[PDB]
Amino acid sequence: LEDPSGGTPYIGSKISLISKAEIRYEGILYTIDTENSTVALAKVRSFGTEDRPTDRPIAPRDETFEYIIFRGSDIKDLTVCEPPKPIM
């Protein structure tokens with residue numbers, strides 16, 4: 001007996017994360033560290049900052065980062081794109 005959400009692994013799925021700076025980052029779930037309330041995403045890129053006006057000007061960048069770490073404290077919201085499929 002197992003829960004439906006548990007049946008589907010979060011790692012390997014596409015996720016979108018919104019940070020405290022009102023910037024939207026997209027990447028793939030690489031590793032989850034529950035013990036330290038931290039998540040590591042690989043192959044991640046930032047869509048833009050101008051979409052959410054801030055007091056700190058940010059220059060445009062079209063480069064992708066291999067590895068970036070975010071902590072639950074700084075993160076504002078987390079949404080998954082791939083939903084879990086029925087299991088039996």
# chains A, B, ... in the order shown; residues from 1 in each chain; ligands from 1
$ select_by_dssp --residues "chain A" --states "alpha helix (DSSP H)" --output "list in words"
residues 4, 5, 6 and 7 of chain A
$ write_last_selection --atoms "C-alpha atoms" --output "PDB file, in the first residue's frame"
ATOM      1  CA  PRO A   4      -0.471   8.051  -5.293  1.00  0.00           C
ATOM      2  CA  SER A   5       1.909  11.011  -4.952  1.00  0.00           C
ATOM      3  CA  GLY A   6       4.603   8.755  -3.482  1.00  0.00           C
ATOM      4  CA  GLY A   7       4.255   6.344  -6.421  1.00  0.00           C
TER       5      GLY A   7
END
$ select_by_dssp --residues "stretch 2-80 of chain A" --states "strand (DSSP E)" --output "PyMOL selection string"
chain A and resi 14-19+24-33+38-46+65-71+75-80
$ write_last_selection --atoms "N, CA and C atoms" --output "mmCIF file, in the first residue's frame"
data_model
loop_
_atom_site.group_PDB
_atom_site.id
_atom_site.type_symbol
_atom_site.label_atom_id
_atom_site.label_comp_id
_atom_site.auth_asym_id
_atom_site.auth_seq_id
_atom_site.Cartn_x
_atom_site.Cartn_y
_atom_site.Cartn_z
ATOM 1 N N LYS A 14 9.760 18.163 -14.433
ATOM 2 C CA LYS A 14 9.943 19.598 -14.646
ATOM 3 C C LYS A 14 9.185 20.394 -13.587
ATOM 4 N N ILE A 15 9.854 21.388 -13.000
ATOM 5 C CA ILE A 15 9.238 22.194 -11.947
ATOM 6 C C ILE A 15 9.534 23.677 -12.169
ATOM 7 N N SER A 16 8.580 24.522 -11.781
ATOM 8 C CA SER A 16 8.765 25.967 -11.834
ATOM 9 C C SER A 16 8.758 26.544 -10.423
ATOM 10 N N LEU A 17 9.735 27.396 -10.130
ATOM 11 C CA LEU A 17 9.893 27.949 -8.789
ATOM 12 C C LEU A 17 9.894 29.475 -8.836
ATOM 13 N N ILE A 18 9.193 30.095 -7.888
ATOM 14 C CA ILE A 18 9.159 31.555 -7.796
ATOM 15 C C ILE A 18 9.889 32.000 -6.529
ATOM 16 N N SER A 19 10.917 32.829 -6.703
ATOM 17 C CA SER A 19 11.773 33.226 -5.586
ATOM 18 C C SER A 19 11.288 34.529 -4.955
ATOM 19 N N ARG A 24 11.090 34.370 -11.915
ATOM 20 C CA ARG A 24 10.629 33.010 -12.187
ATOM 21 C C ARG A 24 11.750 32.175 -12.802
ATOM 22 N N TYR A 25 12.099 31.079 -12.130
ATOM 23 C CA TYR A 25 13.121 30.162 -12.632
ATOM 24 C C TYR A 25 12.492 28.819 -12.984
ATOM 25 N N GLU A 26 12.930 28.227 -14.094
ATOM 26 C CA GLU A 26 12.482 26.885 -14.464
ATOM 27 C C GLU A 26 13.678 25.949 -14.588
ATOM 28 N N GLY A 27 13.506 24.713 -14.125
ATOM 29 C CA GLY A 27 14.584 23.729 -14.170
ATOM 30 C C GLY A 27 14.047 22.331 -13.885
ATOM 31 N N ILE A 28 14.939 21.340 -13.872
ATOM 32 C CA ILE A 28 14.532 19.962 -13.597
ATOM 33 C C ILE A 28 14.988 19.549 -12.201
ATOM 34 N N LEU A 29 14.122 18.833 -11.485
ATOM 35 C CA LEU A 29 14.440 18.388 -10.129
ATOM 36 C C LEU A 29 15.589 17.385 -10.152
ATOM 37 N N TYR A 30 16.755 17.813 -9.669
ATOM 38 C CA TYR A 30 17.947 16.971 -9.704
ATOM 39 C C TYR A 30 18.074 16.157 -8.418
ATOM 40 N N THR A 31 18.010 16.842 -7.275
ATOM 41 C CA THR A 31 18.159 16.170 -5.986
ATOM 42 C C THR A 31 17.370 16.895 -4.899
ATOM 43 N N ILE A 32 16.828 16.125 -3.954
ATOM 44 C CA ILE A 32 16.052 16.696 -2.854
ATOM 45 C C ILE A 32 16.724 16.378 -1.517
ATOM 46 N N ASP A 33 17.025 17.419 -0.740
ATOM 47 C CA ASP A 33 17.625 17.237 0.580
ATOM 48 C C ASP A 33 16.637 17.651 1.667
ATOM 49 N N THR A 38 16.381 21.964 1.736
ATOM 50 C CA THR A 38 16.985 22.570 0.548
ATOM 51 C C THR A 38 16.732 21.713 -0.690
ATOM 52 N N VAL A 39 16.635 22.371 -1.846
ATOM 53 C CA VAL A 39 16.421 21.667 -3.110
ATOM 54 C C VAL A 39 17.445 22.130 -4.145
ATOM 55 N N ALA A 40 17.984 21.180 -4.911
ATOM 56 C CA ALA A 40 18.964 21.500 -5.946
ATOM 57 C C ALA A 40 18.391 21.211 -7.330
ATOM 58 N N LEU A 41 18.458 22.207 -8.215
ATOM 59 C CA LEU A 41 17.943 22.058 -9.574
ATOM 60 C C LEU A 41 19.078 22.192 -10.584
ATOM 61 N N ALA A 42 19.051 21.350 -11.616
ATOM 62 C CA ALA A 42 20.058 21.409 -12.671
ATOM 63 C C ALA A 42 19.403 21.751 -14.005
ATOM 64 N N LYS A 43 20.205 22.249 -14.953
ATOM 65 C CA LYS A 43 19.686 22.656 -16.261
ATOM 66 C C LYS A 43 18.565 23.690 -16.096
ATOM 67 N N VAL A 44 18.878 24.775 -15.390
ATOM 68 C CA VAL A 44 17.865 25.760 -15.017
ATOM 69 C C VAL A 44 18.206 27.127 -15.617
ATOM 70 N N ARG A 45 17.176 27.852 -16.045
ATOM 71 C CA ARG A 45 17.364 29.183 -16.619
ATOM 72 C C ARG A 45 16.336 30.160 -16.051
ATOM 73 N N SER A 46 16.713 31.436 -15.982
ATOM 74 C CA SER A 46 15.810 32.469 -15.482
ATOM 75 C C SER A 46 15.113 33.170 -16.648
ATOM 76 N N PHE A 65 22.394 27.773 -16.342
ATOM 77 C CA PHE A 65 23.271 27.350 -15.253
ATOM 78 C C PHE A 65 23.130 25.851 -15.008
ATOM 79 N N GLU A 66 24.267 25.164 -14.902
ATOM 80 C CA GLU A 66 24.266 23.716 -14.705
ATOM 81 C C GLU A 66 23.678 23.342 -13.342
ATOM 82 N N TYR A 67 24.020 24.117 -12.312
ATOM 83 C CA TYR A 67 23.614 23.780 -10.948
ATOM 84 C C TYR A 67 23.363 25.042 -10.124
ATOM 85 N N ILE A 68 22.144 25.168 -9.594
ATOM 86 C CA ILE A 68 21.826 26.243 -8.652
ATOM 87 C C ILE A 68 21.051 25.681 -7.458
ATOM 88 N N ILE A 69 21.317 26.230 -6.271
ATOM 89 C CA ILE A 69 20.665 25.759 -5.048
ATOM 90 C C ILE A 69 19.727 26.834 -4.498
ATOM 91 N N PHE A 70 18.548 26.406 -4.046
ATOM 92 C CA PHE A 70 17.593 27.316 -3.418
ATOM 93 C C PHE A 70 17.111 26.742 -2.089
ATOM 94 N N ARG A 71 16.944 27.611 -1.094
ATOM 95 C CA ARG A 71 16.483 27.179 0.224
ATOM 96 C C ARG A 71 15.003 27.509 0.402
ATOM 97 N N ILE A 75 12.596 30.720 -1.139
ATOM 98 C CA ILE A 75 11.545 30.376 -2.098
ATOM 99 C C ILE A 75 10.186 30.879 -1.604
ATOM 100 N N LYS A 76 9.345 31.312 -2.544
ATOM 101 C CA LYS A 76 8.019 31.820 -2.204
ATOM 102 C C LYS A 76 6.945 30.786 -2.535
ATOM 103 N N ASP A 77 7.040 30.196 -3.727
ATOM 104 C CA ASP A 77 6.040 29.223 -4.170
ATOM 105 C C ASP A 77 6.666 28.163 -5.074
ATOM 106 N N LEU A 78 6.109 26.949 -5.026
ATOM 107 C CA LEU A 78 6.589 25.849 -5.862
ATOM 108 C C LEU A 78 5.414 25.167 -6.562
ATOM 109 N N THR A 79 5.523 25.002 -7.882
ATOM 110 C CA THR A 79 4.479 24.329 -8.655
ATOM 111 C C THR A 79 5.091 23.287 -9.590
ATOM 112 N N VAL A 80 4.474 22.106 -9.646
ATOM 113 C CA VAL A 80 4.968 21.025 -10.502
ATOM 114 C C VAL A 80 4.171 20.982 -11.807
#
$ residues_around --residues "residue A:56" --least-positions-apart "4" --cutoff "12 Å" --atoms "only C-alpha atoms" --output "compact mmCIF listing (two decimals) with N, CA, C and O atoms, in the first residue's frame"
# COMPACT_ATOMS: atom_id res chain seq x y z
N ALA A 21 12.53 37.28 -4.92
CA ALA A 21 12.84 38.45 -5.74
C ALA A 21 11.84 38.63 -6.90
O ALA A 21 12.10 39.40 -7.82
N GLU A 22 10.71 37.91 -6.86
CA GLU A 22 9.69 38.03 -7.90
C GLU A 22 10.24 37.61 -9.27
O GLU A 22 9.73 38.05 -10.31
N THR A 49 13.71 39.29 -15.20
CA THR A 49 13.46 40.03 -13.97
C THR A 49 12.56 41.25 -14.23
O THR A 49 11.80 41.65 -13.35
N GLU A 50 12.66 41.82 -15.43
CA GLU A 50 11.89 43.01 -15.78
C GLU A 50 10.39 42.78 -15.64
O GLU A 50 9.63 43.72 -15.40
N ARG A 52 8.88 41.49 -13.27
CA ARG A 52 8.53 41.91 -11.92
C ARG A 52 9.46 43.05 -11.47
O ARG A 52 10.56 42.79 -10.97
$ atom_distance --atom1 "atom CA of residue A:12" --atom2 "atom CA of residue A:85"
14.5 Å
$ closest_residue --among "A:13, A:58, A:37, A:48" --to "residue A:74" --atoms "only C-alpha atoms"
A:37
$ atom_distance --atom1 "atom CA of residue A:10" --atom2 "atom CA of residue A:83"
9.4 Å
$ atom_distance --atom1 "atom CA of residue A:8" --atom2 "atom CA of residue A:84"
5.4 Å
$ decode --residues "stretch 49-61 of chain A" --atoms "N, CA, C and O atoms" --output "PDB file, in the first residue's frame"
ATOM      1  N   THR A  49      13.713  39.290 -15.202  1.00  0.00           N
ATOM      2  CA  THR A  49      13.463  40.032 -13.966  1.00  0.00           C
ATOM      3  C   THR A  49      12.565  41.246 -14.226  1.00  0.00           C
ATOM      4  O   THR A  49      11.798  41.655 -13.353  1.00  0.00           O
ATOM      5  N   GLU A  50      12.663  41.816 -15.432  1.00  0.00           N
ATOM      6  CA  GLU A  50      11.893  43.015 -15.783  1.00  0.00           C
ATOM      7  C   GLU A  50      10.386  42.776 -15.644  1.00  0.00           C
ATOM      8  O   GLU A  50       9.627  43.716 -15.400  1.00  0.00           O
ATOM      9  N   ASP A  51       9.958  41.520 -15.797  1.00  0.00           N
ATOM     10  CA  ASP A  51       8.540  41.172 -15.659  1.00  0.00           C
ATOM     11  C   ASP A  51       8.013  41.571 -14.279  1.00  0.00           C
ATOM     12  O   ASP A  51       6.848  41.944 -14.134  1.00  0.00           O
ATOM     13  N   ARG A  52       8.883  41.488 -13.273  1.00  0.00           N
ATOM     14  CA  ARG A  52       8.532  41.912 -11.919  1.00  0.00           C
ATOM     15  C   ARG A  52       9.456  43.047 -11.466  1.00  0.00           C
ATOM     16  O   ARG A  52      10.557  42.791 -10.972  1.00  0.00           O
ATOM     17  N   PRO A  53       9.043  44.294 -11.628  1.00  0.00           N
ATOM     18  CA  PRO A  53       9.911  45.470 -11.283  1.00  0.00           C
ATOM     19  C   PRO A  53      10.506  45.376  -9.876  1.00  0.00           C
ATOM     20  O   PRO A  53       9.791  45.124  -8.904  1.00  0.00           O
ATOM     21  N   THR A  54      11.821  45.582  -9.781  1.00  0.00           N
ATOM     22  CA  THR A  54      12.511  45.544  -8.494  1.00  0.00           C
ATOM     23  C   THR A  54      13.377  46.788  -8.319  1.00  0.00           C
ATOM     24  O   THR A  54      13.642  47.508  -9.282  1.00  0.00           O
ATOM     25  N   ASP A  55      13.813  47.033  -7.084  1.00  0.00           N
ATOM     26  CA  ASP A  55      14.662  48.191  -6.797  1.00  0.00           C
ATOM     27  C   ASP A  55      16.122  47.955  -7.219  1.00  0.00           C
ATOM     28  O   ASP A  55      16.947  48.864  -7.113  1.00  0.00           O
ATOM     29  N   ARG A  56      16.440  46.744  -7.695  1.00  0.00           N
ATOM     30  CA  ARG A  56      17.797  46.438  -8.152  1.00  0.00           C
ATOM     31  C   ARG A  56      17.794  46.074  -9.644  1.00  0.00           C
ATOM     32  O   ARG A  56      17.349  44.988 -10.015  1.00  0.00           O
ATOM     33  N   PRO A  57      18.281  46.951 -10.506  1.00  0.00           N
ATOM     34  CA  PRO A  57      18.330  46.663 -11.977  1.00  0.00           C
ATOM     35  C   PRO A  57      19.151  45.413 -12.293  1.00  0.00           C
ATOM     36  O   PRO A  57      20.268  45.253 -11.799  1.00  0.00           O
ATOM     37  N   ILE A  58      18.587  44.532 -13.122  1.00  0.00           N
ATOM     38  CA  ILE A  58      19.277  43.303 -13.518  1.00  0.00           C
ATOM     39  C   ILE A  58      19.475  43.277 -15.032  1.00  0.00           C
ATOM     40  O   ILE A  58      18.534  43.513 -15.793  1.00  0.00           O
ATOM     41  N   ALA A  59      20.704  42.991 -15.462  1.00  0.00           N
ATOM     42  CA  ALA A  59      21.016  42.941 -16.888  1.00  0.00           C
ATOM     43  C   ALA A  59      20.473  41.652 -17.511  1.00  0.00           C
ATOM     44  O   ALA A  59      20.401  40.621 -16.839  1.00  0.00           O
ATOM     45  N   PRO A  60      20.088  41.688 -18.773  1.00  0.00           N
ATOM     46  CA  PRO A  60      19.535  40.479 -19.461  1.00  0.00           C
ATOM     47  C   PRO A  60      20.600  39.406 -19.679  1.00  0.00           C
ATOM     48  O   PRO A  60      21.721  39.708 -20.090  1.00  0.00           O
ATOM     49  N   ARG A  61      20.239  38.153 -19.399  1.00  0.00           N
ATOM     50  CA  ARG A  61      21.163  37.036 -19.582  1.00  0.00           C
ATOM     51  C   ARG A  61      20.462  35.870 -20.276  1.00  0.00           C
ATOM     52  O   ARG A  61      19.366  35.470 -19.878  1.00  0.00           O
TER      53      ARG A  61
END
